[PDB]
Every structure is written in C-alpha cells, then in structure tokens.
Amino acid sequence: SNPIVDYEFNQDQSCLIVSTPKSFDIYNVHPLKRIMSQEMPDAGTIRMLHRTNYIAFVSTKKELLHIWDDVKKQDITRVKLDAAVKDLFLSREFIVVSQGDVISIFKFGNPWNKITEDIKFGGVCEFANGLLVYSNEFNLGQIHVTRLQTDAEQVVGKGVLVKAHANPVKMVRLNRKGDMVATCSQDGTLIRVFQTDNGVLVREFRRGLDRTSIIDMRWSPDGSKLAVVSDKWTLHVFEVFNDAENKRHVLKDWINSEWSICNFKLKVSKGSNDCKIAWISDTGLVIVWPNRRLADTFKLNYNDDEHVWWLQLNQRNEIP
C-alpha cells in the first residue's frame, strides 16, 4: 500500500534507506531484512550517515531540511532551503546540498551553518569521502573535482577542471577511497575514469554502439570493477584494474579492455523506470527497483581456465 518516495544506500552499501509518504525505513541490504521503521509525514529525498544514529531528510511539506537523531527521536536541527533539492550528501564533517542551480555546504554539528558561498553548477554532482565533484555551470561536459578542507582558511578549495565529455555529463560516481571518478554523458555511449588528484584520464570504456541513458554506476568494494546500468536495460560490468595493477605492482612491459567483461539483459516491467546498484561483496550485486519494491541479487562468476566472467541472477525479493 506504501509507495516509495525516495531511496538511497549508505556510503558503504551495507544499508538501504527509503522514505514512504507515511514513514521512512532502513533495511539491511544483504541478506535483506528491515532493520527499523519510523513514522514520518512527508519525508522527501532522504539520506543516511553510515550506520550512525543521524539521518537527513528533506520535508516534502516545507522548504526544510531535517537532521534527525534517532537516539532521542527528534530533529537536532532544521535547515532553511532556498530551492528544490536535487541531491544530498552527509559526512561526519559536512552536509552537502544540491538545490536548484547551486550547491550549498553546511557544517555538520553546531551551529549547523553555511561554511562557504554557494557553488554554482550545471546540475550534476557527487560527494564522497571529503571529495566534491560537480558539473560546470556553463560547459556541461566539464567537471570540477576538489577536496573540502575543513581545517584551512580557506575551505573551498583549490580544485581541478576536467573536460570529461563532448556532450553534457549525465552522471558521476566516485569509488570508495575517492581516488577515481566514473563519468558519463547524455550519450551513454562511453564511460570514462579519471584520477581525482590531477583529473587525468585513467581509462575509457565503451558501453555500446547506440546512444542510451545511464541509470546508475557503482564501484566494486575493492575498486577493481565498475557496474553500470543503461535504460536499454542491460547490466554491464567493466574491469578497471586487474589484480596486479590494483595492488600497485611493477608491470614488466607496461610500455608497448574498452568493453564490459559481463552483460546481463534485465527483464523490466513497463512500470519501473529507475533503479540503483549496490555491491554486496567483491563478487556480489543487488539492483533495487523502487516501483516494484524489489531487490535482485546477482552473482559475478569467473572461469579460471578461460579467464572469462559471467553474470547470474540468484534471487529476487520484495522489500516490503
């Protein structure tokens, strides 16, 4: 009876937090079990802070941003917002809000204030592990990557400008450590990976020949693989780094991929038009479908002798 308003994973992929109109619930991703539920009216886009007791959500009733403490069951703070919220991120340090044409940054903890002038952008942004990445406001195929320095004069700060694509950037995904950015355009024809230190192109992958729009991308826990889903509705897995190159070994002849090592064609009802991807393990995956309130579990298999990979769908589970 309860539709899903918004849904997201906590930073490490261990939990799924969803808001319905009547409430918001937190589920354990795998195996899938409801950890808790809380009655809330009109909760909007909603986010989680790790496994901690703090939860952010945007009131669909008002312009408010609620910072909710689950221990004492109250709002520690409410934050006035000037526009609609496109995106939201939490760290034990900062609160990052994408509202309308701008990105606002707030201190996490008293006095919950705005610690830098709003950053104007082109609609696309991501914040993970102290690292901010956002579309440029004028050229939409260009991204800015910058560390947020909490202790410095001068929390801005510095920054690198990468021209990621010709067409405007569709989406952006940081890996866990934060040293790599997966990058996407409206074309969805090809995926790029940049080093966040210098913004240099690390790798380029080809998803397909035809243009499609890309729903989600997520990095494997160990940072070796990247999962991508298109609206053509096939799951792709790319190997960005094999074992040796990931562990930073010396490569005997380095001086001398481009395609997925895996596909799975997903069967999608006419209804569900968006989803999100999580890595259960180095070899596991889960796709979450809001419309169906459904979670599909995928197994990534490797044939040792032929050095080939294949995807398997193990399970499907309603939320509820």
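Note: ideal-geometry Cβ built from the backbone for every residue, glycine included; neighbour counts use all protein chains shown. Bear in mind that the values in this text are calculations on the coordinates, not laboratory data.
Order the peptides 308-318, 137-147 from the highest to the lowest mean number of other Cβ atoms within 10 Å of their residues.
On the way: 308-318: 13.5, 137-147: 18.4.
Highest-to-lowest ranking by the protection proxy: 137-147, 308-318.
Gyration tensor analysis over the Cα atoms of the range 35-137 returns equivalent ellipsoid semi-axes of 22, 15, 13 Å (largest first, whole Å). Calculated mean residue ellipticity at 222 nm for the chain: 0 deg cm²/dmol, from DSSP H runs with n ≥ 4 weighted as -39500 (n - 2.57), summed, divided by the residue count and rounded to 500. Loop-located trypsin sites (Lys or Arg not before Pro) in the range 82-131 (DSSP state other than H, G, I, E, B) with a sparse environment of at most 14 neighbouring Cβ atoms within 10 Å: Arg92.
How high is the FRET efficiency from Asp75 to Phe138, r the C-beta distance, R0 35 Å, rounded to 0.05? All intermediate terms of the calculation are to be shown ahead of the outcome.
Numbers: r = 37 Å, r/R0 = 1.07.
According to the calculation, E is roughly 0.40.
The Cα trace of the chain gives Rg and Dmax of 19.7, 61 Å, the first to one decimal, the second as a whole number.
Estimated at 0.36 nm per residue, the fully extended path between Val155 and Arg92 surpasses their Cα-Cα distance by 21.1 nm. Taking the Cα centre of the chain as reference, the dipole from Cβ charges on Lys and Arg (+1) and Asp and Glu (-1) amounts to some 560 debye. A simple spin-label model places the labels of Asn129 and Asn246 1.3 nm from each other, with each point 7 Å out along Cα-to-Cβ.
With each label modelled as a point 7 angstrom along the Cα→C-beta vector, the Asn301-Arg34 pair spans 3.5 nm.
Ordering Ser19, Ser91, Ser213 from the fewest to the most neighbouring beta carbons within 10 Å gives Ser213, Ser91, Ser19. According to the Cα-based calculation, Rg over Rh for the range 233-309 is 1.08, with Rh computed by the Kirkwood formula. Annotation: amide H of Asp216 within the under-5 Å range of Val229, sequence separation 5 or more or interchain, hydrogens built in the peptide plane.
The distance between label points at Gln195 and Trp112 comes to 4.2 nm (points 7 Å beyond Cα on the Cα→Cβ vector). Using the Cβ-Cβ distance between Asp253 and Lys62 with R0 = 45 Å, the FRET efficiency computed as 1/(1 + (r/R0)^6) comes to roughly 0.15.
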